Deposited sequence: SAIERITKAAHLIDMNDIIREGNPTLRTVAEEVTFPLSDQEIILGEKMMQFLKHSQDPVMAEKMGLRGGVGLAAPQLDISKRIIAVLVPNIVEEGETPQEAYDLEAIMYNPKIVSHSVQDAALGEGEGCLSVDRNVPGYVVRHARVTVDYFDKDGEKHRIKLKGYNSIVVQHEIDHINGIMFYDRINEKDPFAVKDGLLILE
């Protein structure tokens, strides 16, 4: 299985572990994890974060053939579990990362009326092509999740962090970024939509 393969001590996640469009796992609703977590579920989250860090190191990324990424969801590894990792760099920054988290069973429990979209659109490590347009999301979200120790966290996100976490939560619900582009005018700006 993918989880057995990926959670070996020696394994480094790379693009050959990341499934692409067409694989039905990307369109399936992922299963909640139960607590306590298995060792494999803990290691998996750690391996996903290690992938993100490798992908943001230009030297390592070049050596491993990685596309640089800011989030990853377990279904993208063919693992239908509600586990995500997010690593959003800060834009000379005092700290490297705006947000660094491995989240188990993440859930949006509140959201703003205002919407938001990245001005440059979105891409996805599972999508080997460009789809232009504003990916319409909630501007701000309150997210509950559990950490690898089983502790519950409630966080509030805005800006880029909010977008990234919603992209990954979509993956665990079988949703892809282009599902949220307006089919009639990909660059429409509706009332209450904040373009970032």
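Enquirer: Identify which parts of the deposited sequence carry no C-alpha coordinates, going from the N-terminal end onward.
Expert: Those parts of the chain that were deposited but carry no coordinates are 92-96, 202.
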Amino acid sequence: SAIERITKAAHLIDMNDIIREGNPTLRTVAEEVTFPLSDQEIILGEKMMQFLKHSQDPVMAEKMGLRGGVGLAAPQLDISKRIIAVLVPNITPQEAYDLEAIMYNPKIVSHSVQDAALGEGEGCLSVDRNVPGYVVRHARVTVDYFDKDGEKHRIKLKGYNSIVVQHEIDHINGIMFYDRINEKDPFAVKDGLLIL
From here on, numbers count along this sequence of modelled residues.
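Enquirer: Quick check on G71: across the other compared entries (only those modelling residues on both sides), is it unmodelled in a third or more?
Expert: No: coordinates for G71 present in every compared entry.
Enquirer: Please establish whether a third or more of the other compared PDB entries omit coordinates for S80.
Expert: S80: modelled in every other compared entry.
Enquirer: So, looking at the entry's B-factor column for Cα atoms, which has the higher mean, 17-25 or 183-191?
Expert: Mean B over CA atoms: larger for 183-191.
Enquirer: If you average the CA temperature factors as listed in the entry, which stretch comes out higher, 44-52 or 61-69?
Expert: Going by the record's values, the stretch with the higher mean is 61-69.
Enquirer: According to the deposited entry, which of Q94, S110, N105, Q76 has the largest Cα B-factor?
Expert: In this record, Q94 carries the highest C-alpha B-factor of the candidates.
Enquirer: Name the residue from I169, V141, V131, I163 with the greatest C-alpha temperature factor listed in the entry.
Expert: Out of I169, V141, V131, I163, the record gives the largest C-alpha B-factor to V131.
Enquirer: Taking the values exactly as deposited, rank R137 by C-alpha B-factor within its chain and report the matching third: lowest, middle or highest.
Expert: Lowest third - that is where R137 ends up once the chain's C-alpha B-factors are sorted.
Enquirer: Pull the Cα B-factor of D147 out of the PDB entry and bin it into the chain's lowest, middle or highest third.
Expert: Tercile = middle for this residue's CA B-factor.
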